[PDB]
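Encoded as structure tokens, the structure appears first; notes follow it.
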Amino acid sequence: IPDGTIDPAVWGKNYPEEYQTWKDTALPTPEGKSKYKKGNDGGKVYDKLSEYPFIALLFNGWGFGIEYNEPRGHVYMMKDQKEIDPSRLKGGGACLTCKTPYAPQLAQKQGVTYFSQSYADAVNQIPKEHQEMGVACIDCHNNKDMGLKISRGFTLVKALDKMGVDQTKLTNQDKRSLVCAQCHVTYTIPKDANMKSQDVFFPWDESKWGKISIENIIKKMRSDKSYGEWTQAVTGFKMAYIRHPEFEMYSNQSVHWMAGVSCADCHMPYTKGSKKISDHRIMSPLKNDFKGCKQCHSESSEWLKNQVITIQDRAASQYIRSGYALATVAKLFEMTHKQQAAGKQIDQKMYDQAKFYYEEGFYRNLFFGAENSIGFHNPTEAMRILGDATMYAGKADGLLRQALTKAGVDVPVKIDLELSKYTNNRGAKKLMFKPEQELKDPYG
Amino acid sequence: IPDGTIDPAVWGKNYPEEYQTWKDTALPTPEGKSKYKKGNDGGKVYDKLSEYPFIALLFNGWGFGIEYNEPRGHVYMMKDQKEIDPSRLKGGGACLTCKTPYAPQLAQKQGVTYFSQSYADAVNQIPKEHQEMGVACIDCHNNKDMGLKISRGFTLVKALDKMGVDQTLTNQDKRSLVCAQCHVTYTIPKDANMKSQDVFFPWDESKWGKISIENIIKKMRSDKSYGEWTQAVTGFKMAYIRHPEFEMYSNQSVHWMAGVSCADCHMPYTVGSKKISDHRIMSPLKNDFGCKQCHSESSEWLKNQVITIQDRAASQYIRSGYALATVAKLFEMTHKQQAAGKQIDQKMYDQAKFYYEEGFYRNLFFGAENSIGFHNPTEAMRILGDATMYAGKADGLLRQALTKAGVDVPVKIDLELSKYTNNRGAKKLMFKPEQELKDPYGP
Ligand code: HEC
Ligand code: HEC
Ligand code: HEC
Ligand code: HEC
Ligand code: HEC
Ligand code: HEC
Ligand code: HEC
Ligand code: HEC
Ligand code: HEC
Ligand code: HEC
């Protein structure tokens, strides 16, 4: 209750159950319960570059092409960021924004330096005792009455203002998703001429409540060259990026959203006399016997598990197929640039159109692959996005094949992706392909 | 109800309510309630070739490229086949199979002639007074107890046997199977003179609840007999897919795995301990939603959900349909270049043709299904996604081979759709631009 209290022990003194289950995200999750989200099952780390090998080629040229693991329980958020391969920490102090309760005051005390400083200096702004402290009670609760509060004013509230949302019209069921939307959103780190971070914002420009489309997000990402954060190595393109857009995906006219279901309904199941205790061991619903689903569905865990995986398998199929396709188009751009050096002249108009389409498909495939539900959050929308990804890839592929053939180059029907070179010997730790972790096309 | 009685008036003499709603499918449906299925709304005929202009090109070289309308009420079943453009009636006597209660007896009495005869001779097998009689009570009920019975043995039960299904099937199964007597895809194998030999459901190597588009395509490819028409733009001899509602709905869809039957949504019920079932079978968007019987959301919420899904599925269908039309036009360009002596890589041509078929049959499977994705949303999208993929593979291959042969391929292929949508058939059917169902996510 007292002002200035970050210490979760003070908050949990009168809330022992919530305090205990909150701590319990430290526990390893049960193995063999989820098909696609196995992070920290039996303590294992899951390498997304080994589950989805094409991203090892597509994300090559910055941190995401070196180390990129499945997510774990909340308590590890700072620790896992501490041990991630240093390539990912090139984003600097901006990377504290959704990880430590110190982020708001540090942003407000350092100004632009908060984002632009090195990650190490950023962590050293935090007291040593608190430098591994993950999301705490104060991050989603106000200390006067408890009850949901958006701590992340400088990101989520600013984005909501961009959308024209009236904060005085936000219900508690809204906040039962908005407290997660403080971090389970896609973001942009604008960079200056030295490629140093200037801000963190959610690219919700020109979007409305319940309608943050991938089309709108892409249009914002394209709108400014400060929004180019990395260079794709295989293509040499300076590109923007999309990260874990759970809130944008789920709230975009999905079935459960339109039914009024909040993140917490599925991820914070409750136990009830008149006194309510919500489970704060936030995890995959597949891994706590669907206890949240069963508060509105009277079906067995077996029935619900079947519904989820039936949907995820179709979506994962399209994701993998469009992913190999986009990697093929990247390899085709590599060929194009190697032919340009060898004097072959390429039609500038077909090249420009292919590049535009390739970006459209890439950002679509990335929106899906970055999202942590494998389509279950918004099934048909996810498929729509992947379908367009598939479309745009084809457009780019065909264009490059024509233009290259018009310049006299022989384009093989099968482009070799050489994924072994991208999946292995990654970074300082020389991370290797783990073939047992590959999530193969369920319909291939 | 006496034996040998097809007359539905005799059947409904003691079941007047069901008889009355059964008759009422003659009523025009209300305008402005459905987005995608508007057949006979206010008495209007909706031309699918004007709703989806690309299919006018893709289906060209037989009847589906001349006249192909949205479906309407059951009573008009025979009448609409009578007035359809004769190009579609070239299927012959086989086309009686899902339209007359006389079909089983005509099949058992005529043998192969039942399928091979002309449509006119087939209709002349029926008494003139009954020649416009659509699906009747005997087609779904036995006359001793009114229990649900499968009239179409020579089609549906044979397909069920092919699947290993033991008919000794619950009543909730038959609350979909009486619809699967006709709301399925079929194959009409042809002989050397293009004469119809049979009607069967290509469910080979499929299982109950798992009749995939992949299984269907593999069966259709398995025999030449199954080439029923020649696609004009490409010159390819092709198989076909028709209204696969049962295959689409029952392939591990949300409602299917929840145990919902066709009749749960399409024959809503209302009396003490007994049930009166609505036989004015129509779009649920058009009778204020049947849905209410397991859902506590408003009809507005349900309408919104349905059209939200349909808009996403229709977008993918429209995009892939234009892509497949483009690939077809590219083959046309390829054949005219070959005729001009230009040499085309046979291995790229072969791969492109195989991919074009894979994409075409997938896009057709969706476009022929009458729910626009709602029967099985993610599966519908998966199929469309794969169509999009295969179309893309064919397009690029053709562009490469054509460019390698020295041909200059425009970036945008002119489809010339107006020559395919207008001046169609005996009625000289024209494009109706007010009926076009444009891409909901387009510009
Ligand atoms: C600066 C550029 C950042 C770095 C470095 C990392 N993050 Fe994040 N983060 C956020 C969420 C909601 C999750 C869980 C969902 C998911 O992982 O997809 C994560 C997860 C991580 C992890 C663990 C997973 C991994 O190995 O990638 C690491 C190592 C990590 N993040 C590093 C949320 C946010 C966020 C909120 C808006 C921001 C600004 C960042 N993350 C930025 C960085
Ligand atoms: C009449 C035409 C309708 C419409 C428009 C909808 N339903 Fe159903 N429904 C039932 C069950 C068990 C589920 C699974 C979810 C759950 O267990 O509660 C659903 C699901 C839906 C959805 C969302 C699913 C989807 O992918 O579309 C929607 C939009 C929907 N329904 C609309 C149960 C039943 C029935 C019980 C016998 C009946 C009848 C219907 N539904 C009919 C309809
Ligand atoms: C967001 C990421 C949260 C963090 C961090 C913590 N809690 Fe929480 N809590 C959250 C939600 C969405 C809810 C549901 C609120 C609702 O109105 O539905 C809760 C609930 C509580 C409650 C209310 C009683 C209950 O339903 O369990 C209490 C007393 C509570 N939480 C305490 C609490 C403590 C002590 C925390 C840190 C240890 C803590 N919460 C973290 C979201 C989030
Ligand atoms: C930022 C401060 C966050 C808030 C608020 C919420 N989450 Fe979170 N989540 C965050 C991170 C950085 C991570 C990864 C942690 C790591 O060490 O890898 C996560 C992880 C999850 C998970 C996945 C893995 C697992 O739990 O086994 C889930 C299911 C999850 N988060 C759900 C969730 C919900 C529903 C939230 C709001 C109510 C929420 N989180 C808040 C960052 C942040
Ligand atoms: C039920 C109706 C849900 C709602 C509402 C939300 N999510 Fe969810 N989530 C759900 C499922 C069935 C799954 C799949 C889990 C599996 O094992 O496959 C997920 C997944 C996630 C994850 C990843 C989980 C993990 O173990 O790594 C995260 C981080 C997540 N969901 C977060 C999240 C947020 C922020 C939501 C609201 C904006 C939300 N979920 C809604 C079910 C449901
Ligand atoms: C109430 C708060 C719910 C929770 C928690 C979960 N679901 Fe749900 N679900 C709910 C509604 C109102 C609806 C609309 C249909 C209806 O019954 O009114 C749904 C829908 C589904 C579906 C089908 C929709 C789709 O995803 O395409 C499934 C397959 C489903 N629900 C399962 C499910 C699971 C596995 C959940 C936990 C992970 C879950 N639901 C949470 C209401 C609520
Ligand atoms: C063959 C004998 C059929 C059986 C058995 C069932 N249906 Fe049917 N249906 C059939 C045809 C040939 C047509 C088109 C009729 C025409 O003149 O165009 C239809 C039409 C429908 C419709 C659309 C109704 C509308 O208002 O447009 C629906 C919704 C429909 N059919 C569903 C349906 C159901 C649920 C069935 C089992 C209960 C069923 N049909 C049986 C052919 C045949
Ligand atoms: C059952 C296996 C059928 C066979 C064999 C044939 N048709 Fe049919 N028809 C069937 C259904 C379920 C429906 C309604 C659904 C739909 O997509 O229309 C129809 C509809 C028609 C229509 C009206 C709609 C239209 O296309 O104009 C006509 C004119 C029609 N059918 C004609 C027709 C012909 C010529 C056939 C022989 C090749 C034929 N049908 C076979 C079910 C079945
Ligand atoms: C609800 C859960 C349904 C089940 C089970 C089945 N169908 Fe259905 N069907 C449903 C909807 C919401 C719609 C959309 C109607 C619209 O106007 O958009 C449909 C569509 C059809 C149609 C075409 C309707 C028309 O007016 O032309 C037909 C012929 C049809 N569905 C048949 C059908 C069959 C044969 C089913 C079982 C195998 C079946 N439907 C299941 C809702 C639901
Ligand atoms: C299939 C396409 C049918 C046709 C043609 C007719 N009926 Fe029907 N009927 C059908 C179904 C799927 C059902 C539901 C059966 C169940 O077990 O739930 C029915 C139901 C009846 C009943 C039972 C009472 C009721 O639920 O309404 C009766 C008495 C009945 N039907 C009579 C009837 C008559 C007289 C018909 C011709 C005019 C007729 N039905 C056509 C499917 C089909």
Side-chain angles (χ1 to χ4, degrees), chain A residues 25 29 37 39-41 69-81 97-101 103 134-135 139-140 151-152 176-177 179-184 244 246 262-264 266-268 281-285 287 372, chain B residues 8-9 11-23 25 29 37-40 69-81 97-101 103 134-141 146-148 151-152 171-172 174-176 178-183 243 245 261-263 265-267 269 274-284 286 370:
Chain A
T25 70
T29 36
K37 301 319 255 197
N40 210 32
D41 291 8
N69 300 310
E70 296 283 355
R72 289 204 284 179
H74 275 151
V75 291
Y76 302 109
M77 77 180 47
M78 277 304 270
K79 166 70 175 170
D80 289 349
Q81 193 172 62
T97 299
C98 310
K99 298 275 181 319
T100 174
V135 63
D139 281 316
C140 321
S151 80
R152 295 305 191 278
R176 294 180 92 239
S177 314
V179 295
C180 326
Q182 297 177 110
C183 317
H184 282 89
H244 40 52
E246 276 82 40
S262 67
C263 319
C266 294
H267 282 294
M268 288 204 237
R281 207 196 159 182
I282 302 187
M283 77 173 55
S284 148
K287 300 188 198 186
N372 277 285
Chain B
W11 288 72
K13 199 63 164 57
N14 299 310
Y15 306 112
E17 298 99 328
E18 291 86 351
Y19 177 70
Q20 182 58 60
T21 53
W22 168 92
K23 290 199 292 148
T25 64
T29 37
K37 295 326 244 195
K38 300 176 289 161
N40 207 37
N69 303 307
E70 298 288 353
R72 57 175 178 164
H74 275 167
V75 153
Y76 299 106
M77 174 178 310
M78 275 299 277
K79 170 65 164 175
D80 291 341
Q81 192 164 63
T97 302
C98 307
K99 307 265 178 316
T100 325
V135 63
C137 327
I138 196 176
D139 285 315
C140 310
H141 287 288
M146 286 310 286
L148 290 188
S151 83
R152 299 305 195 278
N171 190 63
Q172 191 70 4
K174 305 175 182 191
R175 293 188 102 234
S176 314
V178 295
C179 308
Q181 296 180 100
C182 318
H183 280 276
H243 37 67
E245 276 86 51
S261 64
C262 301
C265 292
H266 279 282
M267 296 193 67
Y269 70 91
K274 64 204 272 282
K275 165 173 105 222
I276 295 265
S277 267
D278 184 2
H279 291 52
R280 202 207 165 171
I281 296 167
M282 71 172 35
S283 153
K286 299 188 202 185
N370 281 288

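Here is the naming used below: chain letters follow the sequence lines, and residue numbers restart at 1 for every chain. Numbering of ligands and ligand atoms starts at 1, following listing order.
- Looking only at heavy atoms of the protein, atom 29 (C) of ligand 10 is closest to B/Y15 CD2, 3.4 Å.
- The closest side-chain heavy-atom distance from B/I281 to B/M267 is below 4.5 Å.
- The line from CZ of A/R72 to CE of A/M77 is 11.0 Å long, rounded to the nearest 0.5 Å.
- Residue contacts with ligand 10: B/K275 is placed with a nitrogen or oxygen under 3.5 Å of a nitrogen or oxygen of the ligand (distance criterion only).
- An N or O contact shorter than 3.5 Å is missing between B/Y19 and ligand 10 by distance.
- When non-hydrogen atoms are compared, ligand 10 lies under 4.0 Å from neither the backbone nor the side chain of B/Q181.
- Here the protein heavy atom with the shortest distance to atom 26 (O) of ligand 4 is A/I282 O, 3.0 Å.
- The two residues A/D139 and A/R152 come nearest to each other via the heavy atoms OD1-NH1, 2.7 Å.
- The closest heavy-atom contact to atom 11 (C) of ligand 7, among the options B/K99, B/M77, B/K79, B/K286, comes from B/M77.
- Close approach of ligand 7 to B/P71 is summarised as follows: ligand atoms under 4.0 Å from at least one heavy atom of the residue are 14 (C), 18 (O), 27 (O).
- Between B/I276 and B/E18 the shortest side-chain heavy-atom distance falls below 4.5 Å.
- Look at A/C98 and you'll find a heavy atom under 4.0 Å from some atom of ligand 4.
- For the pair A/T25 (side chain) and A/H74 (backbone), a donor-acceptor distance under 3.5 Å is present.
- Shortest distance from atom 8 (Fe) of ligand 7 to B/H74 is reached at NE2 (N/O/S atoms only).
- The shell of residues lying under 4.0 angstrom from ligand 4, judged by heavy atoms, includes A/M268.
- Closest approach of B/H183 to B/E245, counting heavy atoms only: ND1-OE1, 2.6 Å.
- Nearest heavy atoms, A/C263 versus A/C180: CB-SG, 3.7 Å.
- B/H266 places no side-chain N or O within 3.5 Å of a backbone atom of B/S283 that could act as its donor or acceptor partner.
- Here B/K38 does not pair with B/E70 in a salt bridge; the nearest charged N to carboxylate O distance is not below 4.0 Å.
- For ligand 7, the atoms lying closer than 4.0 Å to a non-hydrogen atom of B/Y76 are 17 (O).
- The two residues B/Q172 and B/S261 make their nearest non-hydrogen contact at NE2-OG, 3.3 Å.
- Considering backbone and side-chain atoms alike, B/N171 places an N or O below 3.5 Å from some N or O of ligand 10.
- Backbone and side-chain nitrogen or oxygen atoms of B/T29 are examined, and none is located within less than 3.5 angstrom of a nitrogen or oxygen of ligand 7.
- The NZ atom of A/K79 sits 15.5 Å away from atom NZ of A/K99, with the distance rounded to the nearest 0.5 Å.
- The protein heavy atom nearest to atom 3 (C) of ligand 10 is B/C140 SG, 2.6 Å.
- Taking only nitrogen or oxygen atoms, main chain and side chain alike, B/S283 does not reach within less than 3.5 Å of ligand 7.
- Taking a cut-off of under 4.0 Å to the non-hydrogen atoms of B/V135, the atoms of ligand 10 that pass are 5 (C).
- Remark: ligand 10 atoms within the under-4.0 Å shell around heavy atoms of B/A136 are 5 (C).
- If you check which protein heavy atom lies closest to atom 5 (C) of ligand 4, you get A/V179 O, 3.2 Å.
- Minimum interatomic distance between B/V135 and B/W22 (heavy atoms only, all atoms of both residues): O-NE1, 3.0 Å.
- Remark: minimum distance from atom 37 (C) of ligand 10 to any protein heavy atom is reached at B/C137 SG, 1.8 Å.
- The closest approach between B/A263 and ligand 7 stays at or above 4.0 Å for every heavy atom of the residue.
- The heavy atom nearest to atom 20 (C) of ligand 10, out of those in B/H141, B/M146, B/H266, is found in B/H141.
- Taking every heavy atom of both residues into account, A/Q182 and A/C98 meet most closely at O-SG, 3.8 Å.
- In terms of protein heavy-atom proximity, atom 27 (O) of ligand 10 is closest to B/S277 N, 2.6 Å.
- Expressed to the nearest 0.5 Å, how far NZ of B/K23 lies from CZ of B/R280 amounts to 12.5 Å.
- Between the side chains of A/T29 and A/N40, no donor-acceptor pair is found at a separation under 3.5 Å.
- In this structure, of B/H243, B/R72, B/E245, the residue bringing a heavy atom nearest to atom 22 (C) of ligand 7 is B/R72.
- Those atoms of ligand 4 with a heavy atom of A/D80 less than 4.0 angstrom away are 16 (C), 17 (O), 18 (O).
- As for B/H279, its N/O/S atom nearest atom 8 (Fe) of ligand 10 is the one called NE2.
- In this structure, of B/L148, B/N14, B/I276, the residue bringing a heavy atom nearest to atom 15 (C) of ligand 10 is B/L148.
- For atom 36 (C) of ligand 4, the nearest protein heavy atom (residue, atom name, distance) is A/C180 SG, 2.9 Å.
- Of the listed residues (A/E70, A/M283, A/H184), the one carrying the non-hydrogen atom nearest atom 7 (N) of ligand 4 is A/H184.
- Rounding to the nearest 0.5 Å gives a distance of 13.0 Å between OH of B/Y269 and CG of B/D278.
- You'll find the side chain of B/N171 reaches within 4.5 Å of the side chain of B/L148, heavy atoms only.
- Residue-level proximity to ligand 10 for B/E18 is carried by the side chain, the only part with a heavy atom below 4.0 angstrom.
- The distance from atom 8 (Fe) of ligand 7 to the nearest N/O/S atom of B/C182 is not under 2.8 Å.
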